[PDB]
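Working notes, structure below.
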Amino acid sequence: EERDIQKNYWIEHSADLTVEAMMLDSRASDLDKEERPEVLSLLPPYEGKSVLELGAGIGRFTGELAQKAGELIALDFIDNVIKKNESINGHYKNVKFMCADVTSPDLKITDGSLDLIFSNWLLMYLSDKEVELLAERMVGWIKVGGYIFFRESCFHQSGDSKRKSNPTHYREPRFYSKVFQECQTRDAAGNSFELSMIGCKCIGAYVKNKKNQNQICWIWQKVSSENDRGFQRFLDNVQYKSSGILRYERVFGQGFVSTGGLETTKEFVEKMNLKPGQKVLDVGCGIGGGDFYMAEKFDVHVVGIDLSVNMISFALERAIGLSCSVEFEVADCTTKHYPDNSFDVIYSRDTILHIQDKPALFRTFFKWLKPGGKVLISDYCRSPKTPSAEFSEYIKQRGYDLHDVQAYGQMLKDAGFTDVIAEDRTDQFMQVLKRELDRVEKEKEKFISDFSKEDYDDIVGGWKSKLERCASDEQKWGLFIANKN
Ligand SMILES: Nc1ncnc2c1ncn2[C@@H]1O[C@H](CSCC[C@H](N)C(=O)O)[C@@H](O)[C@H]1O
Ligand SMILES: Nc1ncnc2c1ncn2[C@@H]1O[C@H](CSCC[C@H](N)C(=O)O)[C@@H](O)[C@H]1O
Ligand SMILES: C[N+](C)(C)CCOP(=O)(O)O
Ligand SMILES: C[N+](C)(C)CCOP(=O)(O)O
C-alpha cells in the first residue's frame with residue numbers, strides 16, 4: 001500500500017513536469033534559485049567520480065552533476081519525469097537514465113561501484129522500514145571512502161501549496177541519524193564497514209525564506225569499522241534506549257542524563273576556568289546539554305563523543321541551527337584516537353563507570369591533554385567496603401566498573417596527573433537524588449501521561465534504591481580534578 005500511495009502522490013505532482021510542480025510552494029522559483037547552488041556547494045568531492053542520483057526528477061541537479069562527474073546514473077520512479085530529464089540532459093554522454101523505484105527488490109546496483117549517492121527529498125517518501133532497507137543497500141553500493149548525501153523535510157510540511165492528500169513522512173532528524181549510523185556491512189574477506197557522519201545541517205536558503213530550520217541534510221562517508229559493536233548495542237538497547245534517555249532527561253533536567261542537571265554542571269564547569277577559544281573534549285557527551293552550556297557561556301569549542309547511537313542522534317537534532325561551537329561523534333572513548341596535546345580540558349560526567357579499564361583510559365587522557373590543561377570527572381563510585389548482595393546485583397545488571405574514591409584518585413596520579421583532587425560528594429549526590437525524586441513524585445500525573453506507569457515506577461524505585469545504597473555507606477559519587485603539568 002505504501003508504494004501505491006507514494007507513487008500516486010508523485011504521479012499527481014509530476015503531471016505538469018515543471019520545477020514549480022515539484023516544489024509544491026508558491027515561491028518555487030526563488031527557492032530554487034537560492035537553494036540549488038547551496039545544495040551543490042554542500043556535496044562532497046565527486047569530480048571525475050561515479051555518482052548515483054536517486055529521485056532525480058526532471059533534472060534540477062542532473063545537468064550540473066553531469067558536468068563534473070565521470071559517470072552519472074539518474075533515477076526516478078516516474079517514467080515521464082526521467083524521460084523529461086533525459087530529453088534535456090541526454091546530450092551528456094556520461095549520463096545513464098533509469099526508471100526505477102529505490103525500494104524495489106529487483107533494483108540492481110553493483111556493490112562497491114559508487115563514489116557518491118545523492119538524493120534531495122526522497123526518504124520522506126519511504127516507509128520507516130523502506131528507509132532502513134535502502135540505507136543498508138546504499139552502504140554496500142558505495143566504495144570505502146565513498147559518500148552518501150540526503151536531505152529531507154523534517155518535523156512538518158515545508159511548502160504552502162494545497163494538497164488533497166499527502167502521504168509524506170515528516171520525521172524527527174534523529175530517525176535518519178540513527179538509521180544510517182546503525183548500518184553495518186562486511187565484505188567476503190571479513191572486513192567490516194560503517195558510516196561516519198561528515199556533516200548535518202539545515203539548508204540556509206529555507207531558514208532565510210521560510211524562517212524554519214526543518215530542511216536538513218546529511219553527509220556520510222563509508223569507513224572501516226574494526227570495533228565489535230556489541231557494547232554499543234547494549235547501551236542503545238538497554239539502559240539508553242530512546243525512552244530510557246528521555247525519561248532520564250525528565251528526571252535530571254533538560255539536556256542532561258546525569259546527576260543534578262544544569263545545577264551541578266554550572267558548579268563543575270566553573271572549576272575549569274574556561275577561556276574563549278579553548279577546546280574541551282566531553283567524554284560521554286550524551287544528548288549535549290553540558291556541551292551547549294560550555295560553548296554558549298564560555299565561547300569554547302566542544303568536541304563531544306558518545307558510544308550510544310541514540311544519544312548522538314538526539315544531540316545532532318538539538319544542535320541544528322545553533323551558533324555555538326560544538327561537534328558530536330559516535331565513538332568509543334577507549335578506542336578513539338586523537339593527537340597528543342589536543343585539548344585544554346577533558347570533561348566527563350557519570351560516563352567512566354561504563355569503562356572497564358580506567359587506567360588505560362586515563363593514560364590516554366594524559367596524552368590528549370595539552371600541557372597546562374585540566375581533567376574534570378564526576379563518576380559513580382563505591383565504598384571500600386565489600387558491596388552488599390543488592391548493590392552487587394545493581395552493578396552487574398548495569399555493567400558498571402566501580403572503585404572507591406581514593407583509588408580512583410590514585411589511578412589519575414598513576415597515569416601522570418598532578419595535583420589530583422578526589423572529592424567524595426556522596427552527601428551532595430543524596431541531596432540531589434531527593435530533589436529529583438520529589439519533583440517526579442509531585443509531577444506524577446504529568447510523568448505517567450508523557451511516559452507510563454511502568455516508567456514512573458522504574459524511576460521512583462531506582463531513585464529510592466540509590467538513596468538506600470548511599471545512606472547505607474555503599475554507593476558513592478566522586479568529583480575528580482587534576483592538571484597536566
Ligand atoms: N521510491 C522512489 N523511487 C524513485 N524515485 C522516487 C521515489 N519516491 C519519490 N521519488 C522521486 O523523488 C523526487 C522527489 S522531488 C525532488 C527531485 C530532485 N531531487 C530535486 O531536488 O530537484 C520525485 O521526482 C519523485 O518522483
Ligand atoms: N566507551 C564509551 N565511550 C563513549 N561513551 C560511552 C562509553 N561507554 C558509555 N558511554 C556513554 O556514557 C554516557 C553516560 S550518560 C551521561 C551523559 C552526559 N555526560 C550527561 O551528563 O548528561 C552514555 O551516553 C553512554 O552511551
Ligand atoms: C519540494 N518537495 C516537495 C519535493 C519536498 C518538500 O515537501 P514538503 O515539505 O513541502 O511536503
Ligand atoms: C549513570 N547515569 C547517571 C549516566 C545514568 C543513571 O544511572 P542509574 O543511576 O540509573 O544507574
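Following the order of the C-alpha cells, first chain is A, next is B, and so on, with residues numbered from 1 inside each chain and ligands from 1 in the order they appear.
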Per-residue nearest contacts of chain A to ligand 2 (9 Å; only C-alpha atoms and all ligand atoms) as CSV:
```
residue,atom,partner,partner_atom_place_in_ligand_line,distance
A:231,CA,ligand 2,8 (N),8.0
A:232,CA,ligand 2,26 (O),7.4
A:235,CA,ligand 2,26 (O),5.8
A:236,CA,ligand 2,26 (O),7.5
A:239,CA,ligand 2,23 (C),8.7
A:240,CA,ligand 2,26 (O),6.8
A:245,CA,ligand 2,24 (O),8.4
A:249,CA,ligand 2,22 (O),8.1
A:252,CA,ligand 2,22 (O),8.4
A:255,CA,ligand 2,22 (O),6.6
A:256,CA,ligand 2,22 (O),3.7
A:257,CA,ligand 2,22 (O),3.7
A:258,CA,ligand 2,21 (O),4.3
A:259,CA,ligand 2,21 (O),7.0
A:260,CA,ligand 2,21 (O),8.8
A:261,CA,ligand 2,22 (O),7.2
A:265,CA,ligand 2,21 (O),8.3
A:282,CA,ligand 2,19 (N),7.3
A:283,CA,ligand 2,4 (C),6.0
A:284,CA,ligand 2,5 (N),4.0
A:285,CA,ligand 2,19 (N),4.5
A:286,CA,ligand 2,17 (C),3.7
A:287,CA,ligand 2,22 (O),6.4
A:288,CA,ligand 2,22 (O),6.8
A:289,CA,ligand 2,22 (O),6.6
A:290,CA,ligand 2,22 (O),6.7
A:291,CA,ligand 2,19 (N),8.9
A:305,CA,ligand 2,4 (C),6.0
A:306,CA,ligand 2,5 (N),3.8
A:307,CA,ligand 2,5 (N),4.1
A:308,CA,ligand 2,26 (O),4.1
A:309,CA,ligand 2,26 (O),7.8
A:310,CA,ligand 2,26 (O),8.2
A:311,CA,ligand 2,24 (O),5.7
A:312,CA,ligand 2,24 (O),8.2
A:330,CA,ligand 2,4 (C),7.7
A:331,CA,ligand 2,4 (C),5.8
A:332,CA,ligand 2,3 (N),3.6
A:333,CA,ligand 2,3 (N),3.9
A:334,CA,ligand 2,1 (N),5.5
A:335,CA,ligand 2,1 (N),8.0
A:336,CA,ligand 2,3 (N),8.5
A:347,CA,ligand 2,19 (N),8.6
A:348,CA,ligand 2,19 (N),5.9
A:349,CA,ligand 2,19 (N),4.3
A:350,CA,ligand 2,16 (C),5.4
A:351,CA,ligand 2,12 (O),3.9
A:352,CA,ligand 2,8 (N),6.8
A:353,CA,ligand 2,9 (C),7.7
A:354,CA,ligand 2,8 (N),4.7
A:355,CA,ligand 2,1 (N),5.7
A:356,CA,ligand 2,1 (N),8.7
A:378,CA,ligand 2,21 (O),8.9
```
Taking only C-alpha atoms and all ligand atoms into account, which residues have an atom no farther than 6 Å from ligand 1? I'd like them as a list in words.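 The residues within 6 Å of ligand 1, counting only C-alpha atoms and all ligand atoms, are residues 10, 22, 55, 56, 57, 60, 76, 77, 78, 100, 101, 102, 103, 119, 120, 121, 122 and 125 of chain A.
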Would you mind listing the residues within 6 Å of ligand 3, counting only C-alpha atoms and all ligand atoms, as a PyMOL selection string? chain A and resi 22-24+121+153+157-159
Which polymer residues have any atom within 9 Å of an atom of residue 269 (chain A), counting only C-alpha atoms, with same-chain residues fewer than 3 positions away left out, as an mmCIF file with N, CA and C atoms, in the first residue's frame?
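Okay, this is what ended up in result-v3.cif:
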```
data_model
loop_
_atom_site.group_PDB
_atom_site.id
_atom_site.type_symbol
_atom_site.label_atom_id
_atom_site.label_comp_id
_atom_site.auth_asym_id
_atom_site.auth_seq_id
_atom_site.Cartn_x
_atom_site.Cartn_y
_atom_site.Cartn_z
ATOM 1 N N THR A 264 24.588 21.118 38.829
ATOM 2 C CA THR A 264 25.915 20.547 39.054
ATOM 3 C C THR A 264 26.852 20.920 37.905
ATOM 4 N N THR A 265 26.318 20.970 36.689
ATOM 5 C CA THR A 265 27.122 21.374 35.544
ATOM 6 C C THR A 265 27.688 22.790 35.709
ATOM 7 N N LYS A 266 26.861 23.741 36.130
ATOM 8 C CA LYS A 266 27.363 25.099 36.362
ATOM 9 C C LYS A 266 28.471 25.096 37.414
ATOM 10 N N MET A 272 36.827 24.867 35.789
ATOM 11 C CA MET A 272 37.689 24.714 34.607
ATOM 12 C C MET A 272 38.449 25.975 34.228
ATOM 13 N N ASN A 273 37.897 27.129 34.592
ATOM 14 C CA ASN A 273 38.455 28.416 34.192
ATOM 15 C C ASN A 273 38.527 28.515 32.669
ATOM 16 N N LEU A 274 37.421 28.174 32.004
ATOM 17 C CA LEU A 274 37.380 28.192 30.546
ATOM 18 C C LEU A 274 37.579 29.589 29.981
ATOM 19 N N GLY A 290 25.347 19.713 28.418
ATOM 20 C CA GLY A 290 26.526 20.289 29.036
ATOM 21 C C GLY A 290 27.460 20.942 28.029
ATOM 22 N N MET A 294 28.679 24.821 27.948
ATOM 23 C CA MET A 294 30.059 25.295 27.912
ATOM 24 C C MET A 294 30.308 26.224 26.733
ATOM 25 N N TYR A 347 36.627 16.560 29.978
ATOM 26 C CA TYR A 347 35.487 16.655 30.877
ATOM 27 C C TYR A 347 34.681 15.386 30.716
ATOM 28 N N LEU A 376 38.510 17.048 34.420
ATOM 29 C CA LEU A 376 37.468 17.096 35.433
ATOM 30 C C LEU A 376 36.488 15.976 35.150
#
```
What residues in region 241-304 of chain A get the DSSP label strand (DSSP E or B)? Please answer as a PyMOL selection string. chain A and resi 279-283+301-304
Next, dump the selected residues to file, keeping only N, CA, C and O atoms, as a PDB file, in the first residue's frame.
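This is the output file out.pdb:
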```pdb
ATOM      1  N   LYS A 279      39.596  24.475  23.808  1.00  0.00           N
ATOM      2  CA  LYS A 279      38.948  23.288  23.267  1.00  0.00           C
ATOM      3  C   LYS A 279      38.744  22.260  24.366  1.00  0.00           C
ATOM      4  O   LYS A 279      39.683  21.904  25.094  1.00  0.00           O
ATOM      5  N   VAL A 280      37.512  21.785  24.493  1.00  0.00           N
ATOM      6  CA  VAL A 280      37.130  20.829  25.526  1.00  0.00           C
ATOM      7  C   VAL A 280      36.693  19.528  24.883  1.00  0.00           C
ATOM      8  O   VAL A 280      35.892  19.553  23.948  1.00  0.00           O
ATOM      9  N   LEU A 281      37.205  18.402  25.369  1.00  0.00           N
ATOM     10  CA  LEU A 281      36.693  17.087  24.980  1.00  0.00           C
ATOM     11  C   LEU A 281      35.689  16.654  26.039  1.00  0.00           C
ATOM     12  O   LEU A 281      36.029  16.614  27.221  1.00  0.00           O
ATOM     13  N   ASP A 282      34.459  16.355  25.630  1.00  0.00           N
ATOM     14  CA  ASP A 282      33.464  15.795  26.536  1.00  0.00           C
ATOM     15  C   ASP A 282      33.317  14.308  26.242  1.00  0.00           C
ATOM     16  O   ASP A 282      32.792  13.906  25.193  1.00  0.00           O
ATOM     17  N   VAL A 283      33.824  13.497  27.166  1.00  0.00           N
ATOM     18  CA  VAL A 283      33.785  12.043  27.049  1.00  0.00           C
ATOM     19  C   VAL A 283      32.480  11.511  27.633  1.00  0.00           C
ATOM     20  O   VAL A 283      32.274  11.528  28.851  1.00  0.00           O
ATOM     21  N   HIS A 301      35.250  25.740  22.069  1.00  0.00           N
ATOM     22  CA  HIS A 301      34.835  24.703  21.136  1.00  0.00           C
ATOM     23  C   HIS A 301      34.751  23.389  21.887  1.00  0.00           C
ATOM     24  O   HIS A 301      35.701  23.004  22.577  1.00  0.00           O
ATOM     25  N   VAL A 302      33.623  22.700  21.782  1.00  0.00           N
ATOM     26  CA  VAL A 302      33.471  21.409  22.443  1.00  0.00           C
ATOM     27  C   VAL A 302      33.449  20.282  21.430  1.00  0.00           C
ATOM     28  O   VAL A 302      32.714  20.338  20.439  1.00  0.00           O
ATOM     29  N   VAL A 303      34.274  19.273  21.682  1.00  0.00           N
ATOM     30  CA  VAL A 303      34.310  18.044  20.912  1.00  0.00           C
ATOM     31  C   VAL A 303      33.642  16.997  21.788  1.00  0.00           C
ATOM     32  O   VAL A 303      34.182  16.623  22.827  1.00  0.00           O
ATOM     33  N   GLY A 304      32.453  16.550  21.405  1.00  0.00           N
ATOM     34  CA  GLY A 304      31.685  15.616  22.205  1.00  0.00           C
ATOM     35  C   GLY A 304      31.660  14.244  21.574  1.00  0.00           C
ATOM     36  O   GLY A 304      31.366  14.114  20.386  1.00  0.00           O
TER      37      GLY A 304
END
```
What's the 12 Å shell around residue 464 (chain A), counting only C-alpha atoms, without same-chain residues fewer than 5 positions away, as a PyMOL selection string? chain A and resi 430+433-438+440-441+457-459+469-471
Find the residues near residue 91 (chain A): any atom within 12 Å, counting only C-alpha atoms, skip ones fewer than 6 places away on the same chain, and give them as a VMD selection string. chain A and resid 62 to 63 66 to 67 85 97
Keeping only C-alpha atoms, take the residues you just selected and write them out as a PDB file, in the first residue's frame.
```pdb
ATOM      1  CA  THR A  62      21.367  16.246 -13.163  1.00  0.00           C
ATOM      2  CA  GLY A  63      22.909  18.619 -15.708  1.00  0.00           C
ATOM      3  CA  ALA A  66      27.000  15.610 -15.353  1.00  0.00           C
ATOM      4  CA  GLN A  67      29.462  18.441 -15.997  1.00  0.00           C
ATOM      5  CA  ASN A  85      15.261  14.618 -17.666  1.00  0.00           C
ATOM      6  CA  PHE A  97      18.842   7.196 -17.013  1.00  0.00           C
TER       7      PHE A  97
END
```
Residue neighbourhood residue 195 (chain A), 8 Å, only C-alpha atoms, exclusion window fewer than 3 positions, as number ranges by chain: A: 139, 180-181, 183-184, 220-223
Atoms to include: N, CA and C atoms. Write the selected residues as an mmCIF file, in the first residue's frame.
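Done, and the output landed in result.cif:
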```
data_model
loop_
_atom_site.group_PDB
_atom_site.id
_atom_site.type_symbol
_atom_site.label_atom_id
_atom_site.label_comp_id
_atom_site.auth_asym_id
_atom_site.auth_seq_id
_atom_site.Cartn_x
_atom_site.Cartn_y
_atom_site.Cartn_z
ATOM 1 N N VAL A 139 24.953 1.629 1.705
ATOM 2 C CA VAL A 139 26.284 1.456 2.278
ATOM 3 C C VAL A 139 27.076 0.411 1.487
ATOM 4 N N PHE A 180 20.983 5.530 9.658
ATOM 5 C CA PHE A 180 22.204 5.454 8.872
ATOM 6 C C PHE A 180 23.414 5.080 9.715
ATOM 7 N N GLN A 181 23.471 5.542 10.960
ATOM 8 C CA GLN A 181 24.596 5.187 11.805
ATOM 9 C C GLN A 181 24.565 3.709 12.191
ATOM 10 N N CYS A 183 23.724 1.232 10.249
ATOM 11 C CA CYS A 183 24.122 0.359 9.146
ATOM 12 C C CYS A 183 25.484 -0.254 9.384
ATOM 13 N N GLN A 184 25.666 -1.460 8.872
ATOM 14 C CA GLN A 184 26.913 -2.176 9.019
ATOM 15 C C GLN A 184 27.002 -3.115 7.840
ATOM 16 N N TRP A 220 27.454 11.478 4.782
ATOM 17 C CA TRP A 220 28.097 10.334 5.416
ATOM 18 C C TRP A 220 29.222 9.817 4.532
ATOM 19 N N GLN A 221 30.252 9.228 5.143
ATOM 20 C CA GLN A 221 31.327 8.586 4.402
ATOM 21 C C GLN A 221 31.505 7.159 4.913
ATOM 22 N N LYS A 222 31.698 6.216 3.996
ATOM 23 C CA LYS A 222 31.922 4.822 4.371
ATOM 24 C C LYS A 222 33.356 4.635 4.856
ATOM 25 N N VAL A 223 33.507 4.030 6.033
ATOM 26 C CA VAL A 223 34.809 3.859 6.668
ATOM 27 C C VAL A 223 34.947 2.460 7.240
#
```
Can you work out which one of A:168, A:339, A:248, A:365 has the shortest atom-to-atom distance to ligand 4, counting only C-alpha atoms and all ligand atoms? A:248
Which one of A:134, A:293, A:173, A:343 sits closest to residue 322 (chain A) if you count only C-alpha atoms? A:293
Closest of A:405, A:319, A:422, A:238 to residue 296 (chain A), counting only C-alpha atoms, is A:319
Counting only C-alpha atoms, the residue of A:275, A:208, A:163, A:337 that sits nearest residue 25 (chain A): A:163
How many Å lie between CA of residue 393 (chain A) and atom 11 (O, counted along the ligand's line) of ligand 4, rounded to one decimal?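 A separation of 11.5 Å between them.
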CA of residue 268 (chain A) and CA of residue 409 (chain A) are how many Å apart? 16.9 Å
Distance criterion (only C-alpha atoms and all ligand atoms): nearest to ligand 4 out of A:117, A:421, A:251, A:360: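 Closest to ligand 4 of all the choices is A:251.
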Quick one: of A:167, A:44, A:359, A:244, who's nearest to ligand 4, counting only C-alpha atoms and all ligand atoms?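 Counting only C-alpha atoms and all ligand atoms, the residue closest to ligand 4 is A:244.
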Do a neighbour search on residue 373 (chain A) at 10 Å with only C-alpha atoms, toss out local chain neighbours closer than 4 positions, and write the hits as an MDAnalysis selection string. chainID A and resid 272 280 341:346 366 368:369 482:485
Can you work out the spacing between CA of residue 112 (chain A) and CA of residue 49 (chain A) in Å, to one decimal?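 We find that CA of residue 112 (chain A) and CA of residue 49 (chain A) lie 12.7 Å from each other.
Of all the residues in region 21-78 of chain A, the ones DSSP labels as helix (DSSP H, G or I) from the backbone are residues 21, 22, 23, 28, 29, 30, 31, 32, 33, 34, 35, 36, 37, 38, 39, 40, 41, 42, 62, 63, 64, 65, 66, 67 and 68 of chain A.
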